[PDB]
Structures are given as C-alpha cells and as structure tokens.
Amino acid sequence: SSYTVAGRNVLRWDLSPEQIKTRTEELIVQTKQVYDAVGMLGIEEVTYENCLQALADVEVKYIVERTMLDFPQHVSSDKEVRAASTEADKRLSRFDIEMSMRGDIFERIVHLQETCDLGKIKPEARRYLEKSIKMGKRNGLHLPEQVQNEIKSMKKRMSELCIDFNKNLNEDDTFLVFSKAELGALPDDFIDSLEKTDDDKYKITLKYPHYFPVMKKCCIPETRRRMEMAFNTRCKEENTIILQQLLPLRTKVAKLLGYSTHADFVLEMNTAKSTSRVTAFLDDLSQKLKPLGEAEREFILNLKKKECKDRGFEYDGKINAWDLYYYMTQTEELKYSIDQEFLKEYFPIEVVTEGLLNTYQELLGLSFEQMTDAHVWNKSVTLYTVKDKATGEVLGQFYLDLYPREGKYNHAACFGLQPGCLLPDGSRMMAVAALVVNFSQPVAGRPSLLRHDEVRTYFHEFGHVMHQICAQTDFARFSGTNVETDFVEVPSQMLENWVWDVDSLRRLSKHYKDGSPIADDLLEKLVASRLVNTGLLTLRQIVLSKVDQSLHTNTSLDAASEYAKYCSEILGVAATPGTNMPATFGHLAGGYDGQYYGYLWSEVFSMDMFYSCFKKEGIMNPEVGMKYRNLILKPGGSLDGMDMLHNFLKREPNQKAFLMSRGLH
C-alpha cells in the first residue's frame, strides 16, 4: 500500500558469502527466462503486454535483487561478504551486457515503435521505447554481427576493469608512522585518538578523518610531504595498468559505434550535448578565475615566506602540493576569522542531523521518523521512513551510515537501493536510498563534532536522498537519480546553499557543552567566508574536468603526464613527481567517465534556481519548496533535464546568478 510501510522494504543484509553466490545464479536463471520468452515470440505478435510490460516487470525485479548483492561490498565489515559481493557485481555486470546485446530483443522493440499506435500509451511508455531503441543503437545492435561480438567482448573487459579499479581503492590499508614532534600544531583530541606503536610513535591512515586534519594544520612540512606522497600514490602500481587498458578500450568501442572519441560518445546522453561546448565552458570559466588564482597564490606564497622565516625553514619559493591545504586554511583564519577547530564545537552530529531533517520537513512538506530496531548491515546505521506531510503517503526510506570503518567506502556517495516505480500488480514501490559518508568519530569524551565543510557534504548527500525518494515514475530506469549525469548534481549541490544562510545556521548550531548558540559576529563572518580560496578550489576542479576531457580525447596519452600538465597550466601548483592522481580517481570507474564536468555544469543551474526563485520568495517558503519537489525531484528521469529546468524557471537558465555568486561577472 502507498500509505503503509510493512513489507515494502524487501532488502535483507544478513546474507552469507555462500547465500550471495547462490542467489546470484538463481537471479540469472530467473531473469533469463523473461528475456528468452520475449525473444521466442513472433515479430508480428509482439504487443505492449508481452514485450514492453514484460521487460519492465523484470527490470524492477532485477535491479532490486541486484542491489542486495552488489551493495554489501561497500559497507559490510566482513571481508568475505565484500569479496562475495564483488564476484556478484562482476558476474551480473557481464550478464547485463549479454542481455543488452541481444539482437532478437532489439528487433522486436523497434517493431512496436514503428507499427503500433503510440497514442494509446502513456508518454513515459513512448519515452521508454525511444530510450530503449537508442541504447540498442549505442550498443551496435544495428551493425554487422561480427562487430557486435567484438564490442560485446570489449565491454565485458571494461566491466571487470572498472570494478577492480575501485576494489583496490576500497581495500587500501596504507598507513604512515609519525612521532609526537613530527605532528606539530595538531590538537590533542586528534593525537590521543590514534593507534600507538611499540616505539611510542603514532599511526595515521590515509582516509578522510585522518588525511585532511593533518594536511590542514600540521606545521611540519616534511610530515605533510609524506602524507601527500602516500595519498596520491594509492594503488599506483595496479591502477596505472588499468588505465593503460581501460582508456584505449573506451576509445576503441566508441570508434566502432561511429563516434570519434569516447568523450563524444557519452556527451550525447547529457545536457551539454557536445564536447566542443564543454571545453568552451571550462576554458572561459578558467579565464574569469585566473586573476583570482593569481591573488591567492601570491598571498599563500607570502604566508609560506613569513612562516619559513619565523620557524627557520628553507623557503624554496614555490607552492608545493602538500602546502596547498595548510596555507588555504591560514587564509581562512586570517581573512575571515574562521577557526574550524573552534566552530566544530557548535556542530555536534545529533544537532546537525535534527536540524537538517527539520529544515527539509518544512521545505518539501515531508515527515521523517526513525524506525527502532532497524534491520541494517551494521549496528551504527540508522533507518528513517519518509511520509508526505499532507497526505500521509509513505514515500520511502533511507539509511544513515555516517562513520568510517574497515572496508567501508572511503569517499561520500548516495546509493539508490529501491526505485519508486510501478509494480505489475498496479501498486507502487517504496523508494530506498542510503547515505554513506566518513565523518569524524566521537573523541576525547565528546560527541561527533563536524566541521562546516562536513555539514555541506551532509547537506549535499541528502540531496541525492530526497531526489531518490521524491522521484516517482512508472519504469525503473527513469526512477531515482537516473537522469543525465551532468544534471544529477543539481538537487544535491543546491541544498548546500542552506548551509550558508544566517537563519538556517542557527537552526543547525548548538554548543556541545553549555548549549549556547554561535555568536552573532562569528555567524556573519562564516557566511561572508563563502568565497574564501574560491580561486584555487575551482581551478583544481577545472583541472580535474580538463583532465577527464583530455584522457578521453587523445589516444596514446600518459595519464600521469596529462594531470601534471593541467596543474601547472591552470592551477599554478605543480603536481608532485612520482605521484599519480588518476590512479586514485574513483570517478573514472564510477559512471563519471568523461562527465566529471557536470560538477561545475550542474552548479550553474542550481545557483540560477536558488537566486531567481528561492532567495526572492524565501529559502524556507513551502510554496517554492513544493514547486521544487514536484517539478525537479518528482519527475526524476521521466523528463529531460532542460525541460524540468524550463518548467521551474519558466525560462532558460543562464550564468548571471552563477557568476555573481562567485564574485565574477
């Protein structure tokens, strides 16, 4: 039922490694019976029920049963479960390729879209036919058979290379050893929460709760150099070999399909349409931010010159890779009086979580309720149920996995677990999402204290959660966040603006000790500190965007050389020789291949909606919040990205709001 919750969450997380392998073989045999039945039908006999609806019913049944198998590799603490889950991801990723390359299925769906009356079906069914046929053409199903087996052969190799690329990073346990003197200027709440060795030295891992606090506050330059070296050489040996195979294979499968490069292949399925416009968007944005980067580099270089003179170090005259985070933090403390170590005392995890939910309970008109005794994959994971405030309709659920552990996903992402689409029996599926982040842990007898940049990630990742649950379509491929890759970052990056409002920050803040709020002067300086270090921060994002476009344009190109090239050209900070950032670039194998520009591309749309609709009528206005929910979040992938923007903005988007929010034109 749409107003109940019992039984709508069929995901179980207590599967043994043997049960996963058994459930995988059963899922393949059951799903193949559906595809084989459609393939064994007459071309003049296919109808909407035995062909389109039959495939739509198994796609919802498959992606849900698949999620129970490919997800434990990212969260489970048992390594055998993570290993068995990976062998199911490899097994099923090659199975999806085998089912997509079926010529008999493609011959029958083109017959429906060319012979049947398209007026007797829903508009999402017509979009289902066009998108299903277009994906068949993007797999070479309209090409000779000897080149289909060649494309099917290479895509199965690309499937295993992308899984191994992230499996190496997820299982990386590389760590360094330092002494108390080598960890200068670091607070005692961080030093005392580290593993001590036999010779009284400390152990520091290469994950976010350990790497960033060191690179932002350690005064010892040699300690920051070793951490930067070890962090950018994670899986350097094995992931470089994968890039030596994956990138040539990506350009080879694109040339067989008629595309010049792999970048041109994936850009057709995005809102940017062409790669010539992407490189034009990045190069023109890099010019407006070039003078800003020069001012920040000169100020940072002066800070390094004075500190080396005051401490007695050897000033080399350049900004190294390990010096960037340490002196950008000093720019934040001197020009805006923002001490991140002091501000985190006002952002405990419980108060931030409560304030975050209450902010969107009133904005989007929803109701959140934690479920006691939750069946989860780890005891530190909480479950919440989302209802519609006005109608009591149970929209969906979502998990909260906020603290890092062994074998956990070491970045910050949101995984769609169940799509909010229709079932064969006419009912609606309960959408399930999962928020996975690596926030700070309770130390020094205090609750988890979050830095302000950790609250943004909490607000960003919750954007994908609301987009997953509020999206309600008819087919599983259009449900959730399954939209244009350069557009999925619109709902998530837009919620970050609520972390820079003076009134909303008071609803998120409460000192962990005396319960007092943040001082008025500090709150004003915090909002004014939005554009601090905005030059080098965006230039680094522009570099990663240009590297993604370059590595998918040129054929025989050294991945490490091209990253170091754009660093000295755009960012101005040279890449450390011997490192390899693309070897740790998990986005190259996580669906963002050639599409990393979407992080800056989607920001142009979010700022244009926040300034033209929200900032005018009020960022807490339920009228604009409901319009945003129904026109952007609810359609999901059932509509084009620009169509949903045109329905909300009542016009075409522009960079006017995006530029003035960055201090530019």
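For the two forms, the rigid core is made up of the largest set of C-alpha atoms that agree within 1.5 Å on superposition. One-based numbering along the sequence shown.
Larger average C-alpha displacement in 4 other deposited structures of this protein, relative to the shown form after a rigid core fit, is seen for 117 to 125 when comparing 117 to 125 with 293 to 301.
When the other structures are laid on the shown form by the rigid core, the stretch among 89 to 97 and 108 to 116 with the greater C-alpha deviation in 4 other deposited structures of this protein turns out to be 108 to 116. Note on 140 to 148 vs 507 to 515: mean CA B-factor is higher in 140 to 148.
The stretch with the higher mean CA B factor, choosing between 204 to 212 and 390 to 398, is 204 to 212. The entry assigns its greatest Cα B factor, within the set 450, 324, 177, 466, to 177. Based on the entry's C-alpha B-factors, the most elevated value among 76, 538, 493, 168 belongs to 493.
Among all modelled residues in its chain, residue 433 ranks in the lowest third by Cα B-factor. Among all modelled residues in this chain, the alpha-carbon of residue 48 has a temperature factor (C-alpha) in the highest third.
Ranked by C-alpha B-factor against the other modelled residues of its chain, residue 487 falls in the middle third. Sort the modelled residues of the chain by CA B factor and residue 631 lands in the middle third. Split the chain's modelled residues into thirds by C-alpha temperature factor. Residue 590 is in the lowest one.
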